[PDB]
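Chain and residue survey
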Amino acid sequence: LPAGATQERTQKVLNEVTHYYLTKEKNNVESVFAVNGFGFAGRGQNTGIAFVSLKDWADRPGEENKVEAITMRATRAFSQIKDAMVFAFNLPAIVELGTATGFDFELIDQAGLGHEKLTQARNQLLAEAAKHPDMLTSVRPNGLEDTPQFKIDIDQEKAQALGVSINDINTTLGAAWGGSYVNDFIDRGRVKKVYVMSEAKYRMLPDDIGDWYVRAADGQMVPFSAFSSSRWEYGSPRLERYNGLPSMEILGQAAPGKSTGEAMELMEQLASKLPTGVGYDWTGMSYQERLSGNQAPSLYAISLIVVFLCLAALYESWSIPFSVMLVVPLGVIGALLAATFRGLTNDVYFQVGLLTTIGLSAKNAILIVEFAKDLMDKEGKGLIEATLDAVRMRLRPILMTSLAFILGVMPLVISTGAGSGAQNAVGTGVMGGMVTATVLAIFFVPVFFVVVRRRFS
Amino acid sequence: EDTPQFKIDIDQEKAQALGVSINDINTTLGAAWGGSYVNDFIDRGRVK
Amino acid sequence: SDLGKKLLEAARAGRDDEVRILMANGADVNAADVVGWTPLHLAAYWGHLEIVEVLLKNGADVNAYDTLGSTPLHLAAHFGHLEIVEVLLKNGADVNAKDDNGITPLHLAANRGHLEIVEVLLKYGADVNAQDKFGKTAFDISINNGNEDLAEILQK
Amino acid sequence: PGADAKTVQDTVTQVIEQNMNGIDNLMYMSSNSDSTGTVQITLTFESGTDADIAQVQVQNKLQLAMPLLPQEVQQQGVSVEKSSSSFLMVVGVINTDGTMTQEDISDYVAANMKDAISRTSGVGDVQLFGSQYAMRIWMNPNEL
Amino acid sequence: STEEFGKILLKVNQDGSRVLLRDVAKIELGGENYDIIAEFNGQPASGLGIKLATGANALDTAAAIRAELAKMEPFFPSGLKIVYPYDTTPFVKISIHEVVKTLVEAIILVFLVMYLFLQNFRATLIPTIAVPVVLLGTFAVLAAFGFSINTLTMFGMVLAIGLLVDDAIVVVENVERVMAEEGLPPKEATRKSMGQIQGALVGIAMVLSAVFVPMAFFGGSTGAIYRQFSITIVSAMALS
Amino acid sequence: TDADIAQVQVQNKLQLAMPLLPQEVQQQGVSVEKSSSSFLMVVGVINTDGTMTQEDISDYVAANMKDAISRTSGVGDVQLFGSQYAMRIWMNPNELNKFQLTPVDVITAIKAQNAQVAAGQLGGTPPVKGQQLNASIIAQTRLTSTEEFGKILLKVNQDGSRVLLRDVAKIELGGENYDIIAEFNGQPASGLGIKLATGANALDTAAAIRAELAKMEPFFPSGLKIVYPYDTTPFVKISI
Amino acid sequence: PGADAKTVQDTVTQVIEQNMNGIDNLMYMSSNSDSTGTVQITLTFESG
Ligand SMILES: CC(=O)O[C@H]1C[C@@]2(C)[C@@H](C[C@@H](O)[C@H]3[C@@]4(C)CC[C@@H](O)[C@@H](C)[C@@H]4CC[C@@]32C)/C1=C(\CCC=C(C)C)C(=O)O
Ligand SMILES: CCCCCCCCCCCCO[C@@H]1O[C@H](CO)[C@@H](O[C@H]2O[C@H](CO)[C@@H](O)[C@H](O)[C@H]2O)[C@H](O)[C@H]1O
Ligand SMILES: CCCCCCCCCCCCO[C@@H]1O[C@H](CO)[C@@H](O[C@H]2O[C@H](CO)[C@@H](O)[C@H](O)[C@H]2O)[C@H](O)[C@H]1O
Ligand SMILES: CCCCCCCCCC(=O)OC[C@H](CO)OC(=O)CCCCCCCCC
Ligand SMILES: CCCCCCCCCC[N+](C)(C)[O-]
Ligand SMILES: CCCCCCCCCC[N+](C)(C)[O-]
Ligand SMILES: CCCCCCCCCCCC
Ligand SMILES: CCCCCCCCCC
Ligand SMILES: CCCCCCCCCC
Ligand SMILES: CCCCCCCC
Ligand SMILES: CCCCCC
């Protein structure tokens, strides 16, 4: 709900949200856990969450009754609710990763500018980010905006004049309006807290301030009206800090067809043109990528170098290794085809699948080149004779493993049930890759072996 | 090495006679000549 | 209304082009949030000069008062927005307007030590002898704050 | 309790943050001070850091900063915990016949359910959704 | 008690009447704060957010929690009901079973494929022995690394069966070929067959290690996920 | 000996002693540190434009630099060569006696009138039904300037005249202490004496310190400049 | 100090014991609260 909205206003929206799910989605939704006064963006009366629990996977048949489809209808249905941002969304598989394409930017007060100047600098950065929709999408603050708050100035002179101590004033106000944890008591053999506070009806409105009296030194009761003066100002209901300095967290993500790295480079460029004493830094997933991205080239390099050196030792040859190593794309093309045409992503299950597909195609290729090479070395056969005999001997065991394994992953591909997201991500990239790895390698590996032996004669 | 130091003796009877509390004497002597950290304030956004 | 609250948000953020469009579409200038703040209050507070001028052209109450009796001139005078103070006064802002505490724009301008704004308020006929609920003048504030420059001007 | 964001930040968050020195393998530190009287300071450490050492080192530096916090905050307590979002499960407890408020159920769960679940095999941590009872004195300024 | 707090003496008037705490305030047992209103299908609610301990079995703990709640059932007041809005256990139970089904079916499919081509039951048995020895053995190596049975390590194994199945098929097929082409007895045929491939199999081990082992050395959250797949696939492939 | 466990054991015991220590000693912050006794390096800070005094530079280092260096891994201890600013109330006993006031009156006024008060909310939970308004109540906040401290009202005389704190004391920003004063080649300076944490790598920590110092330099005021008057690490790097 | 066993068990021993859950390698926990107001809570861990 908008800022300054009460618990009761939020409760009314949550009741509509609960009602929709128990009405429109009564075939799917088992329960709605309506938590008023709690949001991840920040605490406060104006926010809430409904944790929707569904019926068993058996009782929700087809794509119409899955968390994808219900999230869509729910968000769309709640579009019309006035004075409320209300949207449904699925949980991430693991909570702590966030999103790929997404970044986590910290805008930092580096020179004691203050809250308001950091707010202006953030608006300036948000404005510039919006002017690059080709590169950055949903560039938003993670925090809360300033809200009306009731500034009350205790007049020290009039307080001393009337003989009312400041401690009696501040305690009266704080205890009544804020509450005061006094001490503990024992309830049925369990230590528990004692709170004093005003009954609701005397701590609701600015008029109620005047109904509170403080006893002076001379025994006369003095209302707050006598020694106080109040006015509305704006102030933060949530002040963020990063590494001990005032900060404002900015979330966002790279626009479609852009890498996170590019989006981050623009955010650094735009941030360099912010006012004096406004720094920035990357946190969470962004800090993680910025360091994990530096690592990749080394590990890709070291992997490729050691593979070559192992094959070089196996074949006793600096050139022959290339005949095996050229198989890599034959597996990867079918994986990318199967993944793209099924509308899946380049996820970790797909990526590790490429290595197993590359490994098994590399394995097949190694035994073709081994048989061919030994026929030339031991039995003095010709390149083409040895190659044609090698691929003949290896055709059966290649087609057997592939036939067994492609049937082995077939259920994971067509799986629609519980945990089907991961099964699809594993199965689709492997099945597709194995079809091309098998089909192409039997025709291409002999080519690679012959072309390489000719080139290095 | 040891060094000259100013020994001051608060006469308890004379204090009780004049109606001056020992807390006020020790706070006055200590705050004035030694210094007293009273509470915190905010200097350009930082607690000091 | 729908546009009333979009004008409240737009006036606060200083989104000049959005206010222009909302002014065309007849968004309520007299729209007020829970504490009783109009767009002109929010423009006067956050120092958005062009929006103050646009809202006044579109018949916004220059002497609108919040739930504690504070006007836009109070906010502009308090937060040192010299151009807005002058524009509000040109469009007939009550220079001697008192909030529920008896605090005038002169008192607030004096307290935060805004010299130019005190001089402008005096030109448009500010009661220098105006007293808050505690009987304090702008002079009393200048003495207590120890602003010697401000003490000279208020001596008449 | 009753504290605005700035009051929390300027008496609690800054004082704690200023005392987070001499802890090993800290990558970064972030904090929220908000108007519900709450502060939350998350210290994130290097991958492969012993979480128990990271937690005791944070706790130890806090204990020495505790005398600098307000009397009200000292009283409530300042909690140092390892950060885990992943729950094994959420057990919900409800009243279907209108006899019990949410505060009534929460007190029952604290007193008669929470501890036995905490003591159950493989249970690493139990969090109560609500609070056990408090003796609430609801003051009346007219009678006062 | 609320009764005792009600009787707290605030002052004694001149006339002699006593001002108690119940005279100036309403004393009730309530919550510590009123910021959250929890509700479950409209009904007032509370609950326990339960977390799994370091090195604990998620399925055991869930079963153990349910046994403890069952013992608390008869002591609940009227209207009190346990509900399970969030529980990862049903999902994990299915995740592990679907992987175990895939590995069992994978070995069954090899039996069928081995019989289709080679067409004798003795040849079909050799992978049916060798593959479960490796899959089972992988768990022991997972225990050496202090790993759990989880979504990553288990899908790590179904990604690997292509490699584990091949090592079995390659050895048996090449013995069956050498016998068919040269007419040697099984013992001599196996000596010659392994003579052809044993150097290549050591080479494939060193090549696959070079592919997978570098996944383990990525840093942060992403690097920790790859390390689950890396140790699992390298371990299964090495035993194979 | 594990320095981590030694710190835990030493501090477990200190925590028993802590409540028996005088309140003034607790409020100065007791510290348990596991560092080398010797300095790894001194990071000096000077103003080349002579725009900032020794006291200004020392306050800048204390307020914008020290904390982040102190938090850096491998930094067992950081000595500030100078003092962070405090609000100094320099009391006059002649002017104090004139208005029948003591340091006890001054301290009580500074506590009463330099206070950050928790004042609760308009329309706070639990609310009445039909509440539309919800806003924080803001009462007294911490004083931010010498002017506001001077403005503190100690006493109102019988004739109505006000005794402010500036009437009985000189008020200024100035060191918590005035004991340490550093020079770099004769010119005004402050700095950080950094001692290496027990078992930490000197070179890696120095690198981390230099990395953190690079992040601050852009946001320095005009004239401020890091100099490196003492560093044990360059010799290690060059000699190897 | 000066609290009886029953009071000390309710306010200290159980409050501490409630939190001693889910520690690594805890075999068993034994504790006593006595008339002098002393608490001892001994946690015994797996061998090694
Ligand atoms: C029947 C079938 O399909 O497989 C069953 C059969 C199954 C593979 C079992 C898991 C596991 O004990 C298996 C081992 C290797 C366990 C170790 C030994 O004792 C073996 C002698 C035993 C043989 C098969 C068995 C008993 C199954 C599971 C997994 C159950 C676990 C979870 C997390 C739900 C399964 O049901 O999926
Ligand atoms: C044929 C190929 C051979 C290689 C494949 C081997 C697969 C091995 C996978 C691990 C299976 C053993 O895993 C073990 O399963 C049992 C029975 O489900 C679980 O048992 C637990 O969950 C089940 C299901 O909720 C409950 O009914 C039971 O009361 C509870 O204790 C154990 O917590 C788990 O540790
Ligand atoms: C820090 C050390 C790291 C080392 C890493 C290097 C890994 C090298 C990859 C493995 C290569 C295997 O190497 C291969 O081994 C076999 C052993 O059976 C050798 O032995 C060979 O000679 C016999 C002689 O009877 C032949 O019948 C047969 O053709 C072959 O086995 C090959 O000449 C060699 O090419
Ligand atoms: C036979 C030659 C070996 C080729 C495979 C070597 C590359 C993998 C190295 C590595 O450890 O990276 C792990 C990486 C982590 O994300 O996993 C992956 O993302 C999968 C590797 C990408 C696809 C490779 C094919 C490229 C075609 C040009
Ligand atoms: C190659 C098989 C070696 C198996 C070694 C098993 C190590 C036991 C480790 C026990 N634990 C999981 C508690 O660490
Ligand atoms: C049975 C062979 C397994 C070899 C796997 C090697 C994993 C290395 C672990 C790397 N790292 C220290 C980052 O975890
Ligand atoms: C990882 C690739 C290394 C490249 C090595 C080149 C060797 C070519 C020599 C061919 C000699 C026949
Ligand atoms: C690090 C890569 C080593 C490759 C050596 C190739 C030698 C070729 C000489 C003909
Ligand atoms: C035999 C293959 C082992 C590869 C080692 C890779 C380690 C990289 C460390 C940065
Ligand atoms: C794909 C399975 C092949 C098995 C055919 C039937 C064997 C008799
Ligand atoms: C003769 C084979 C050696 C293998 C080295 C790992």
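Residues numbered from 1 in each chain as written, not as in the entry; some residues may be left out. Chains lettered and ligands numbered in written order. Part of a larger assembly, values for the part shown. Heavy atoms only, no water.

The deposited coordinates, according to the entry record, derive from X-ray crystallography at 2.80 Å resolution.

As annotated in the PDB entry, chain E carries the name Multidrug efflux pump subunit AcrB and is attributed to Escherichia coli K-12. According to the record, the entry carries the title "Fusidic acid bound AcrB_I27A".

By the naming in the PDB entry, chain D is Multidrug efflux pump subunit AcrB, taken from Escherichia coli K-12.

**A closer look at the packing of helix α2 (residues 22–33) of chain B against helix α6 (residues 103–113) of chain F**
Angle between the axes and distance between the axes are the two parameters that describe a pair of packed helices. Axis separation between α2(B) and α6(F) bottoms out at 8 Å; the angle between their running directions is 80°. On the basis of the axis angle, α2(B) is roughly perpendicular to α6(F). Mapping the contact onto sequence places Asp24(B), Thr27(B), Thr28(B) and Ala31(B) in α2(B) and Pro103(F), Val104(F) and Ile107(F) in α6(F). Within the contact of α2(B) with α6(F), the residues separate by chemical class into four nonpolar, two polar and one charged. (Axes fitted to C-alpha atoms, helices over the stretch in contact; angles between N-to-C directions. Helix = DSSP H or I, 4+ residues; strand = E, 2+ residues; numbered from the N terminus. Parallel < 35°, antiparallel > 145°, perpendicular 65-115°, else oblique. Contact = heavy atoms within 4.5 Å. Nonpolar A, V, L, I, M, F, W, Y, C, P; charged D, E, K, R; others polar.)

**Quick look at the arrangement of the chains**
Considering every one of the 14 pairs of chains in contact, the largest contact total is recorded for chains D and E. Regarding chain F and chain G, the two do not touch, and the least distance separating their C-alpha atoms is 15 Å.

**Looking at helix α8 (residues 202–216) of chain F**
Residue and element names in this part refer to chain F. For α8, built from 15 residues, the straight-helix expectation of 21 Å at 1.5 Å per residue is met to within 8% by its first-to-last C-alpha distance of 21 Å. Regarding α8, the residues found buried are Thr 205, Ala 206, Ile 209, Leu 213 and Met 216. Buried residues along α8 cover an arc of 100° about the axis, so they all sit on one side. One side-chain oxygen at the N-terminal end of α8 lies 3.1 Å from the backbone nitrogen of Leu 203; it belongs to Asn 201. (Expected span 1.5 Å × (residues − 1). Buried < 20%, exposed > 50% of the residue type's maximum accessible area, 1.4 Å probe, protein only. Arc of directions from axis to C-beta. Polar contact = N/O pair within 3.5 Å; in protein donor to acceptor, adjacent residues only side chain to side chain.)

**A closer look at the site of ligand 7**
Residues and elements named next belong to chain A. In the vicinity of ligand 7, the contacting residues are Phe 308, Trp 318, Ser 319, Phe 322 and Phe 456. Burial of ligand 7 by the protein chains amounts to 51% of its free accessible area of 420 Å². Partitioned by chemical class, the residues of the shell around ligand 7 number four nonpolar, one polar and no charged. (Near = heavy atom within 4 Å. Areas by Shrake-Rupley, 256 points an atom, 1.4 Å probe, with all protein chains shown as cover.)

**With respect to the side chain of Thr387(A)**
All names here are of chain A. As for its position among the elements, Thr 387 is in helix α11 (residues 383–414). Here the side chain of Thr 387 touches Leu 383 through a polar contact of 2.6 Å, landing on its backbone oxygen. Sequence-distant contacts of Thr 387, defined by excluding residues within four places in its chain, comprise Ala 372, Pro 446, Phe 449 and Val 450.

**Comments concerning the side chain of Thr10(A)**
Residue and element names in this part refer to chain A. For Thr 10, the position within the fold is in helix α1 (residues 7–23). By relative accessible area, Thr 10 is classed as buried at 2%. Here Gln 45 takes part through its backbone oxygen, which lies 2.6 Å from a polar atom of the side chain of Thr 10. Filtering out sequence-adjacent residues up to four positions away, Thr 10 remains in contact with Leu 1, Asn 36, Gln 45, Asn 46, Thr 47 and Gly 48.

**As for the interface of chain E and chain D**
Listed by partner, the interface residues are 56 residues for chain E and 51 residues for chain D. In this assembly, chain E packs against chain D so that about 5,100 Å² is buried in total across both faces, 62% of it on carbon and sulfur atoms. Broken down residue by residue, the surface that chain E buries against chain D is led by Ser46(E), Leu48(E) and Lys51(E), which jointly contribute 17%. Counting across the interface, chain E meets chain D through zero salt bridges. Linking chain E with chain D are 31 residue pairs in polar contact, by the criterion used here. If you list the elements that add at least two residues to the side of chain E that touches chain D, you get α1 (2–6), β3 (25–30), β4 (37–40), β5 (43–52), α2 (58–72) and β6 (80–87) of chain E. Looking at which element gives the most residues to the side of chain E that touches chain D, the answer is β5(E), with ten residues. Residue composition of the side of chain E that touches chain D, grouped by class: 33 nonpolar, 15 polar and eight charged. Pairing between strand β4 (residues 123–128) of chain D and β5(E): five bridges, direction antiparallel. (Buried area = accessible area lost by both parts, 1.4 Å probe. Salt bridge = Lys/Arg side-chain N within 4 Å of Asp/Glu carboxyl O. Pairing = 2+ DSSP bridges.)

**Side note on the packing of aromatic side chains**
On inspection of all chains with the given rule, the structure shows 40 aromatic pairs over all chains. Ring centres of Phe33(A) and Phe40(E) lie 5.7 Å apart, and the angle between their planes is 75°; on these two criteria the pair is classed as edge-to-face. Residue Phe33(A) is located in strand β1 (residues 29–36), and its partner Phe40(E) is located in strand β4; the two belong to separate chains. Pair check on accessibility: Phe33(A) and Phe40(E) agree, each one buried. Between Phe308(A) and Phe322(A), the ring centres sit 5.5 Å apart and the planes meet at 35°, which makes this aromatic pair tilted. Of this pair, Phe308(A) sits in helix α7 (residues 284–315) while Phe322(A) sits in helix α8 (residues 321–325), and the two are 14 residues apart along the sequence. Its relative accessible area of 37% is what places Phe322(A) among the partly exposed residues. Taken together, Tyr234(A), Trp37(C), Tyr45(C), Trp46(C) and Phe79(C) form an aromatic cluster joined through their ring pairs. Of note, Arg66(E) hangs over the ring of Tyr84(E), and the distance from its end group to the ring centre comes to 4.0 Å. (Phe/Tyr/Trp six-rings, centres within 6.5 Å; stacked < 30°, edge-to-face > 60°. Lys NZ or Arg CZ within 6 Å of the ring centre and 35° of its normal.)

**Side note on the environment of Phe87(D)**
Here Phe87(D) is to be found in the loop between α3 (71–76) and β3 (89–95). Each C-alpha atom, one on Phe87(D) and one on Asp125(D), is 9.2 Å from the other, the two residues being 38 residues apart in sequence. In this structure, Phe87(D) is in contact with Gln127(D), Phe129(D), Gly49(E), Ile50(E), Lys51(E), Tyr86(E) and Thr88(E), ignoring residues within four places of it in sequence.

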